[PDB]
Amino acid sequence: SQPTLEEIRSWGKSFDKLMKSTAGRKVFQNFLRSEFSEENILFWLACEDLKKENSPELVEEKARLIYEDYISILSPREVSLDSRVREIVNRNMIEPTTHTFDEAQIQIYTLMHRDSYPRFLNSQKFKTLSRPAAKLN
Ligand SMILES: [Cl-]
Ligand SMILES: [Cl-]
Ligand SMILES: [Cl-]
Ligand code: NA
């Protein structure tokens with residue numbers, strides 16, 4: 001696949017536009033990987049996926065894995081959460097729901113929005129992706 005130039009430039013109008021695009025998420029995730037922070041978007045995507053789950057048994061099964069992969073010391077590299085949010089998530093993990101990670105997910109979305117997103121816009125990758133093609137005639 002390959003996104004149109006219109007789609008690309010839309011990512012630069014708002015983070016929302018970027019995050020709502022299947023293509024925009026991947027390029028953004030590639031940029032985050034280059035920045036050693038791709039765990040931020042992967043955690044965020046895992047939380048969105050968890051929200052789709054209706055069965056409480058599977059909510060718990062998937063939630064335990066999200067905690068292990070992104071929040072616990074077991075994680076290869078955990079997302080950055082303050083102690084207030086960590087304590088809330090810990091308590092929510094006793095009987096997981098689809099909203100167990102809401103506080104952490106928001107904190108991480110705000111992080112990507114304010115820290116890594118401006119740098120993605122200023123990146124050579126985005127600046128090059130944003131260049132038109134020649135119109136031959
Ligand atoms: Cl924005
Ligand atoms: Cl903890
Ligand atoms: Cl969010
Ligand atoms: Na549910």
# chains A, B, ... in the order shown; residues from 1 in each chain; ligands from 1
$ residues_near_ligand --ligand "ligand 2" --cutoff "9 Å" --atoms "only C-alpha atoms and all ligand atoms" --output "number ranges by chain"
A: 71-73, 83, 86-87, 89-90
$ residues_around --residues "residue 100 (chain A)" --least-positions-apart "5" --cutoff "12 Å" --atoms "only C-alpha atoms" --output "PyMOL selection string"
chain A and resi 47-48+50-51+56+59-60+62-64+66-67+85-95+105-106
$ residues_around --residues "residue 30 (chain A)" --least-positions-apart "3" --cutoff "12 Å" --atoms "only C-alpha atoms" --output "PyMOL selection string"
chain A and resi 23-27+33-42+116+120+123+125-126
$ residues_near_ligand --ligand "ligand 4" --cutoff "6 Å" --atoms "only C-alpha atoms and all ligand atoms" --output "PDB file with N, CA and C atoms, in the first residue's frame"
ATOM      1  N   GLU A  53     -13.067  -5.963  23.420  1.00  0.00           N
ATOM      2  CA  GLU A  53     -13.408  -7.221  24.093  1.00  0.00           C
ATOM      3  C   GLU A  53     -14.642  -7.131  25.018  1.00  0.00           C
ATOM      4  N   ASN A  54     -15.627  -7.998  24.802  1.00  0.00           N
ATOM      5  CA  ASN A  54     -16.832  -7.995  25.634  1.00  0.00           C
ATOM      6  C   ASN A  54     -16.830  -9.011  26.783  1.00  0.00           C
ATOM      7  N   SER A  55     -16.086 -10.102  26.638  1.00  0.00           N
ATOM      8  CA  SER A  55     -16.092 -11.164  27.652  1.00  0.00           C
ATOM      9  C   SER A  55     -15.117 -10.861  28.773  1.00  0.00           C
ATOM     10  N   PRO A  56     -15.617 -10.799  30.025  1.00  0.00           N
ATOM     11  CA  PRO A  56     -14.762 -10.379  31.149  1.00  0.00           C
ATOM     12  C   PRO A  56     -13.550 -11.299  31.320  1.00  0.00           C
ATOM     13  N   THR A  97     -11.392  -4.442  33.644  1.00  0.00           N
ATOM     14  CA  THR A  97     -12.443  -4.050  32.719  1.00  0.00           C
ATOM     15  C   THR A  97     -11.789  -3.421  31.473  1.00  0.00           C
ATOM     16  N   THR A  98     -12.594  -3.093  30.466  1.00  0.00           N
ATOM     17  CA  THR A  98     -12.078  -2.458  29.258  1.00  0.00           C
ATOM     18  C   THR A  98     -11.545  -1.055  29.517  1.00  0.00           C
TER      19      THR A  98
END
$ closest_residue --among "A:75, A:99, A:6, A:1" --to "residue 22 (chain A)" --atoms "only C-alpha atoms"
A:1
